[PDB]
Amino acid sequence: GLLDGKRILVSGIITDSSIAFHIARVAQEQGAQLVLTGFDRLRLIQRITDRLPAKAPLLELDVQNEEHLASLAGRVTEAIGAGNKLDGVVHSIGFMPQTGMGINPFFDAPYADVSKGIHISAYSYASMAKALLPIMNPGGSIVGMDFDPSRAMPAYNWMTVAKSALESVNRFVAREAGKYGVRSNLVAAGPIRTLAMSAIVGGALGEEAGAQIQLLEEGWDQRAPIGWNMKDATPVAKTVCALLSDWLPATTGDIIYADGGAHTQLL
């Protein structure tokens, strides 16, 4: 197994279409022993994660809750056993209020909403690294989920800005993590039909936003030299596992694109 004997924390599962659900499944297939973290709806998340190949302890983590973060390392150590540390951490957490994601004009998102989205989607990558680096082994790996924000796109709006901030945060987390012998990287995924994504395409944020997001997805498969299947998160999950493994040992502060190559082509 690619991750045999590694202890890895995976955040971000909320449904069986969450990217983190597939990260967790593949990591377990590859021999990793997991600790899961979930936000708010913990009975739902437990029921969802009962479908994973192996049972995993589930800890509550609201990344906006300073007490959750202050206690997190102790609760993880309780879950994996004293004297054991983590080898990997997966941040698969993102949120932007509807006002920031195309339900209204870009200029009409109040800063209170934007700042909540940046807190959850970008600052919390540093928050989780601060909490967990003290219980991570040398040679460990922190991975977060990205959506390439180097160019503006319709509808994604302030979530794009949040991903721009996240990419910058990752480069600073790498500086801190390196003192522990730990790498920090993001995986920039192509679009994936999660429940939230499918709802947007179905018009949950208005018809214009849904039409714009559907056009975004279609251009992706067209541009990608190997194609892109938005209904299949497994290639993204495998890429996360590659970064969690020992096989990218000189990559840190960086971004790996699991997008079919779409960002390398113009059309």
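Whichever C-alpha set is largest while still superposing within 1.5 Å between the two forms counts as the rigid core. One rule holds for the numbers: they count along the sequence shown, beginning at 1.
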Comparing C-alpha positions in 7 other deposited structures of this protein against this form, with the rigid core used for the fit, which stretch differs more, 217 to 225 or 237 to 245?
-> 217 to 225
On mean C-alpha B-factor from the PDB entry, just flag whether 200 to 208 or 235 to 243 is the higher one.
-> 200 to 208
Take the C-alpha B-factors listed in the entry for 226 to 234 and for 40 to 48, compute each mean, and give the stretch with the larger one.
-> 40 to 48
Which listed residue, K163, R151, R75, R171, has the largest C-alpha temperature factor in the record?
-> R75
Highest-ranked of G190, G117, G144, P134 once sorted by CA temperature factor in the record = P134
Third of the chain's Cα B-factor distribution that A82 belongs to, per the entry = highest
Going by the entry, which third of its chain does the Cα temperature factor of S71 land in?
-> highest
How does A177 rank on Cα B-factor within its chain, lowest, middle or highest third?
-> lowest
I8: CA temperature factor from the record, placed by chain third, in the middle
Assert third(CA B-factor, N104) within chain per record equals highest
